[PDB]
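Let me give you the structure first, and then I'll get to my questions.
Think of it as A, B, C, D, E, F, G and H in the order they're written, each chain with its own count starting at 1.
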Amino acid sequence: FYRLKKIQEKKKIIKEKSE
Amino acid sequence: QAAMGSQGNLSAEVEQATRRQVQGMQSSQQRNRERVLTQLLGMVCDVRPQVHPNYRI
Amino acid sequence: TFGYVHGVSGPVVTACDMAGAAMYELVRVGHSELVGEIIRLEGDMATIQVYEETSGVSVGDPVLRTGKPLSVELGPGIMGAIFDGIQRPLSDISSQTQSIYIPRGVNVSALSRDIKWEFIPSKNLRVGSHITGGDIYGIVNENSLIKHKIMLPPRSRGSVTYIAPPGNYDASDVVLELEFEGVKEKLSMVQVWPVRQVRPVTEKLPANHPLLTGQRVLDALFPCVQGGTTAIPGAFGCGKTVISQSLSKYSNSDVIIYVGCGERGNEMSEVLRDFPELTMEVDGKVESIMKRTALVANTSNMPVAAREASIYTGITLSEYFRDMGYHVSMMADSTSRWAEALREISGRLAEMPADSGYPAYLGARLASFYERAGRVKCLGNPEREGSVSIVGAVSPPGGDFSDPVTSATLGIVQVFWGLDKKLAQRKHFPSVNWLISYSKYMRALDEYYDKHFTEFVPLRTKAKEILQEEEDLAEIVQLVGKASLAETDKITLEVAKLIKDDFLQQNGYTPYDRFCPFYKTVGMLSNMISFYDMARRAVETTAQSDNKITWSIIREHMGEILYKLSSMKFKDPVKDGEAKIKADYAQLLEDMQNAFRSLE
Amino acid sequence: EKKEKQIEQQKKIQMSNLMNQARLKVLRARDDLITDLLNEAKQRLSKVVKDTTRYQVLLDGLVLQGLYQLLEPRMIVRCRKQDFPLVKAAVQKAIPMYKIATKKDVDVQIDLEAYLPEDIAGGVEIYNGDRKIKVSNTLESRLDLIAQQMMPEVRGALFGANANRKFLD
Amino acid sequence: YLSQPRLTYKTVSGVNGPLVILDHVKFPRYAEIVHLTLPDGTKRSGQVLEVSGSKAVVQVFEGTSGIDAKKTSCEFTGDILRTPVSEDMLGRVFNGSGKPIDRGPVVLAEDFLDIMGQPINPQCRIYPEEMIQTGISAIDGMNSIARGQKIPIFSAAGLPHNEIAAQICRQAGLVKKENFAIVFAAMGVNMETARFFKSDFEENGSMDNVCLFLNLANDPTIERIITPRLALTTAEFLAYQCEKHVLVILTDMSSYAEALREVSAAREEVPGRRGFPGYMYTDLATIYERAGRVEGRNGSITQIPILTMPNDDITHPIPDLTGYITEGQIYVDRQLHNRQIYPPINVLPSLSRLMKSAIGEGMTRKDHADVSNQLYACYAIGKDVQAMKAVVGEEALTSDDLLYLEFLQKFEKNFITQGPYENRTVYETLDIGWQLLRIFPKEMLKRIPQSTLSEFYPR
Amino acid sequence: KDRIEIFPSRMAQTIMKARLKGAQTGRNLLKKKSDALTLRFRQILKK
Amino acid sequence: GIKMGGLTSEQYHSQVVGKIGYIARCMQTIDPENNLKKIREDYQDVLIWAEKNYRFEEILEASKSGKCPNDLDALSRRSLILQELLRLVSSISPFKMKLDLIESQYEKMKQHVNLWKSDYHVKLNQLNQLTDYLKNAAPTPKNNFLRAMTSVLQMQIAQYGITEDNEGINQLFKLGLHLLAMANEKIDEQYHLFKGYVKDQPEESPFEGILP
Amino acid sequence: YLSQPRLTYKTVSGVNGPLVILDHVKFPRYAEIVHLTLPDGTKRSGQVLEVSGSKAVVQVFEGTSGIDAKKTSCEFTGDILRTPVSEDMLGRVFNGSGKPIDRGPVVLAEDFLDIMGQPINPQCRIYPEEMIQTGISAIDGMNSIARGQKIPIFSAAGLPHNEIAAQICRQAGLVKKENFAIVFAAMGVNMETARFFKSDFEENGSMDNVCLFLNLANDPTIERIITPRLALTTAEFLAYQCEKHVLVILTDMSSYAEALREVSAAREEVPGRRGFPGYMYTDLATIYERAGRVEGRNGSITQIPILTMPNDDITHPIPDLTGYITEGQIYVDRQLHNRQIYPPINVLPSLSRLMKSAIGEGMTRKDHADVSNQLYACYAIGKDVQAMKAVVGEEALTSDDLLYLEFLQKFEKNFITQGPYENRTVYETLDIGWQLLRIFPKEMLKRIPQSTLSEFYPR
């Protein structure tokens, strides 16, 4: 769970940077 | 009954000892109050402007 | 006071232009006014958790911001009504719509504004007088049982500028106006209090007065105290109805609150159908239980926010009446269902799970929930007192005690009324396990028992010793058959049976045994133990040599006395008054002691 | 024996309550003495404020001091109206200095619509352009800000040092 | 009605697995239904799962292969998924999307209902009363289904849970001491079983009272999620608006749960316990609790969810979360199946919490409650004696033990073993009970009051 | 000693649960053997 | 977070202002002619703040500054004593109690260690149970018996008070409460109970001069 | 001192759980305290747990319910939570935030100490060489307490760990044949527990030497992880600046760990076991290691950080990580409590790391170490014999085994059982030891050399 949550947050950060 | 009277007057001594300590405390601070006011007021009046140590340029 | 919907990702709605909003505020999202709360905030945008289905919500929909956080509306009309976990009247929603469904975005005021209540001022206050929080400035006459005392909301005070005269007012009128530092506040009969906030009291007092339930077992052996907290197992076959009915019907408390958390639809129906049919004698008249009861109903398919909030809505309603000086007894039908709702929300919010998947703060929430119970000295100048008791049930998956919810609960509650199913299968009711059950209030009640009854305390100690010894002897009996067994042990076994049969067992479907007054409970136990002591002496004082007394001799010799002891439960308090029943028990003791005397 | 235990327990437990309340009583009296000093200090500061020739000097510093803490391109100086002529001077003499100490051009305005309450002994508060960041440099704020840190020395200066303290770690 | 012309967009920001991300969409709704037209003229359906500003994200029901970001057009309906319902749809067979697959016409609607619906107001919920007989003795004389309860069938993989489900559809009805319908939904069903259900209902004349929804294993996985919602939406229309009693059978809820897990992944949600969504509890309750009786109306809905236990472990979240919010269980075993007993239902671990209200005078027969309790005790004892026999031998048994072994053998052969085409009404099931109970002399039937024995035991 | 020392796994859960069921079944069957021997023992004792 | 008991800083002093005004109101309510001089003196430190308009805010400042008797526990106990005396005379309002007895009852209550748990408090609660019931009661044998017996109970309390235990009043309490709890459907039992009282009452005409 | 005015901000960027994120902050300082006012006037405080550029993340102690985004006003104190400390804090009652709740005034500081404290230089730390006489034979004999030792009591919900701690507070003396200042951190407990201790301290007549910090179950969960530091900070002042011997008792440390776990989850930190932060050990060391004597100063701090073991699991991270940091534990259990044995102290799983230095010639009596070790051997073997006899039966035991059962039975009722007010000396405890050890012949007392047996065994 921890690793998957952090993966989802890192994806969110990448998405924000792309905007 | 004897114990209640003792507790009563023991309380009276407590009250009397407290009054002694309170008046002694007031007597003591009256000798320093003026000196402390001078020291504290000077620190308030002395502004000492300064720029944050980490300000660059 | 409006913002706009920026986007929907499921049950989570993102709002924009919503800068002026606080965390855990309330919003009504969309044209259907869906109920939700604000959790995360960033800039002028807010993240809203919507309780109901979000299907149909559009980008650009309005969001109406409501200044109050999740709160309970408190005022006249609360009694006799059934509420949702977030304080929505189910009896009005079903009757104002003619539907069978709870409408999506339903918006029915918690307390109707079309009722003209009979309000009488305190008659002690005058314009220009000083009033503070918790003060009572008038009473509303709801029904024959509970007077609804109108208190100044907490965290408010000042000088009174207007007092409404006695008359008929609804919940939308102005009853009292007060001014504090030039600021005028106009108050109706209804106050609002955030459900997650604890209503302040002057002081929290020790609980010393017993909770006088109608059962001999769960009183004599395992006392509960007004203001105390207990736990009750909730299994299909455990017979939990007996406690629920006995506590709500015959308790010495003033107000009963029954809280559902998230049970099966048919189980909620049984509770909602049973309660309106319960009555009790009060002033010689038979009155409906619903005149001094309030009920919160939540089924497993209700919004998870309501199932999680239900437990706090219930206790908030309880504290509201606690502040009136009433003794309130709240039952949570299943705190396991609440914990399930809490875990669901934690999961939905992608919070890090802890023990067996439950939130890290599970224990903190249960501890702070139960801490809100207790006997208190109320706010306000009337110097009144009251209490809240909690008898919340636990029903962990599998019936195990390892589940963090039941384990945490047992470490918090001071009384555990452990029930069993085996006893129910044997038709022994109430189904109390005895060896698992405990009460940690025994010391707190020693002052009450000493003052009013004196002999109760050593009797309950001996009663537990006799019952425990019967269990301890079980292995000896199994391997022996009562052959190589002391006569003193035979007395213990047979007397323990008498206790189990004609004392701890109680038949609530008989008119004479509906309610056992305390004086009868201690009367019955006193005579049974007095017999035990006499029987032990009859054997032991003669057991030396030559001519000894045995249990077979005692049982055959005074069989009428053993019968009379069993017959004691049939002394109907409704027809045979306190003096007559005590007199008959006193005569039994004399007949009993004299029967033993003939053996020496 | 039980009775004796009850009476003996009350005799100890009642005297404990009495001694505990006596301790609280003298502690409250000590705090009253500290408050009287601070209330006198407030009145003494007011008397200083009434002296234009020293109060203007305080304002000169107090305005510049706040400016250095914000380091914003736009400043709004808020004061009680009575002292506006002196705050005006304090700002005028503060900007040449600000532009030297920080090497940043700052637009400093005085708010002529919003004023501090008339019961403030003196001093200024300075806001940034959007009024989201403010520094409070009035005489009451300074008195408490310093007094709360000097209190350990006031305690000793008025009532004596604690004879049982040997180390300052 | 809306009477607002639909907008069709060709603006696509990208496509990612089952999702198509659109751009410049005007005031999109969540859960909005849209239709895609691909460059090859192929049409697909989908539903909007996220609306972040003008960037609507739609999940396509069918596969997304062939979809580009330049020519594919997306037509918005302006509304959410609302199912056309009528009485006439009873006797029809539909797929998961609600489309006919029986060569009949599209449903001619009497109304349109949101398939998500609303919870039933508890204040108007009526506790279950009369019984709905199933025709299967193992669950009529032992664990009856009250007219309003929700009692699941837990089975291991490989057991004939679908054949029993079909048998219930053919045999179930009212006690009859014309107003009864069955709505049957199969989620994730394979082609061979889908044929079985469709043909078995048609051939035996039962179809007139069955509304059948088939969601096949190779059908869109999102359609599997609405499938039970369409079945329940129909059940609610038929039951509560048309004053009749509806039995709803939801087959293979485990396959539903798997499709739900897929939807959660599509939303990029972090999986919960054992990979399943943290909201699986409320989702199952949303389905299950849309049932029961309501005040002031003569209709009712019952449910018999049927669930495959992964690795035959009742602890698994699927049967665990279901059982936690249902009233008892039927429980199909494996040993009885391997012994070639049909139906293979084990009465010892099963339970129907509402049986107390389902049966009795005025609902079935006076002796119903007494026969059930005595049969349970006799079966439990017979199994206990059989276990003893394996240790002590036949010669070490007494006469009473031999009677219990005779009961055990004849109970399973006469009472439990039935066959798929023998319909045993509640009164014949009880009569069979007595035939087995009359093996014992009266004094051994400890759980039957003497008044009942004197009336029913002889003859 | 305290544990059978099988590495945690879903396979271990299946094995341990089957092992537990076996042990419980053996316990019950042997208990019945003991009860049968005890009754016969006491009967022999009576004769 | 001073959290003095269950109250924060503002709540503590707000409750003190309330209790002070309340005592002033109770003193004027119980003794509007200011006849009970000894009792008034015991409260002078909180009555001195009465007959002044402080708009709450100035009396609140006096409490914060320490000019008022702002000990919350002393006010709680002293306030309870006064309002329980008010209940004593209020619940028997149809009759006048002698001023000397009011002061006697006051002192005996004031001397009690824990007045709230006293027999005096319980007896007053039983009295209010009996007198509140009759406020809105239909004519019927039961309620006529209860009203006749209650008026005697009020008459006797007006003469003996509550702290001065009297078997006559105690027996009447028990009989009144037992009648009150008597089934409304049962007529014979409530009839015989009432007549039992009337014939056992030491006097010959228990209600003569007691009720209209 | 800090003469510069503090800045006030209305620049809150957003709120996420218990963390309020500010932007536009001038030179943020790490681990500085922020005071904030809500739109309704409520005042709350928090600590900066992260700084980056112009941003700072503030963890609010009271909570984040009601925190606004536009009207919230925050000011930065400009320092870390340094707290006022004075000698006359003894006899005062404070809350978990450091404020008085006894209706007395605020603390009139003699200095301001950093709540985080500083590590004591191990070169100046002096190894404890004095024993405290607890009066409890179960401790003074087999698990002695040294002055400066860290000894928690491992307990379980419902056990009388509060009574044992209360007992220790009154009858804790020296074996030099003394008034300890007690600082009691009552955190995560109900009113009755806090009132129990408060009343006991007054009942003991020692309240003028007791400082209480209360943080009850209904108080904020974030303050629960500074309360121990507030207690210890005061203890450090008293012990190391005023040379007062201090006894610090921290109530159920598990409420500290659970409060910390909530913070760890909120900040998305790396978990270790059971969801607790991977740095739980380091955080506990910050609390526990504030103990012991310091060379050249006549003060000391002794800790008793009692903790509740969740589900009696001795391997739970809370007792586990504590066991690694503290010098052993007392450990009570349910097997003794369920038999009405008080104190219910089970010596077998217990130890005292500083005990070996504490016993013997010059400290207590020269045979101390020998008696303790042999009692451990005999007690443990008796437990092993019970484990055997439970299966094989009494008839399978020989005289060598029955002696250990005789010891075990006499040991628990003579050595462990005492009563709440039974105060035994360390010398009496050893004498009892010998009375029990003399149950066995010399040859079986294999942990004791003949140079000791020949002197003590004959008596």
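Here, a residue touches a chain if its C-beta (ideal position, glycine included) is under 8 Å from a C-beta of that chain, and two chains touch if they have at least 3 such contacts.
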Remaining connected clusters, assuming subunit H were absent and nothing shifted: A, C, E, F, G | B, D
| item | value |
| --- | --- |
| Chain nearest the overall Cα centroid | C |
| Rounded Å distance, subunit B centre to subunit C centre (Cα mean) | 51 |
| Euclidean distance of C-alpha centroids - subunit D vs subunit E, Å | 73 |
| Where subunit B touches two or more other chains at once, by residue number | 43, 48, 50, 52 |
| Residue numbers of subunit A (touch at least two other chains) | 1-2, 5, 8 |
| For subunit H, residues contacting two or more additional chains | 3-4, 26, 103, 268, 271 |
| Chains grouped in pairs wherever the two touch, ordered by label | A-C, A-E, A-H, B-D, B-H, C-E, C-G, C-H, D-H, E-F, G-H |
| List of subunit G residues in touch with subunit C within their complex | 5-7, 11, 14-15, 17-22, 25-26, 29, 53-57, 59, 72, 76, 79-80, 83, 116, 133, 142, 178, 180-184 |
| Complex contacts: residues of subunit A adjacent to subunit E | 1, 4-5, 8, 11 |
| Residues on subunit G engaged by subunit H in the complex (per definition of touch) | 1-4 |
| Subunit H residues within the subunit C interface of the complex | 13-16, 38-39, 64-71, 157-158, 188, 190-192, 195, 216-218, 221, 255, 258-259, 261-262, 264-265, 268, 271, 274-275, 308, 310-311 |
| Contact set on subunit H toward subunit D in their complex | 1-11, 24, 26, 84, 86-88, 91, 102-106, 108-112, 202-203, 205, 207-208, 240-244, 297 |
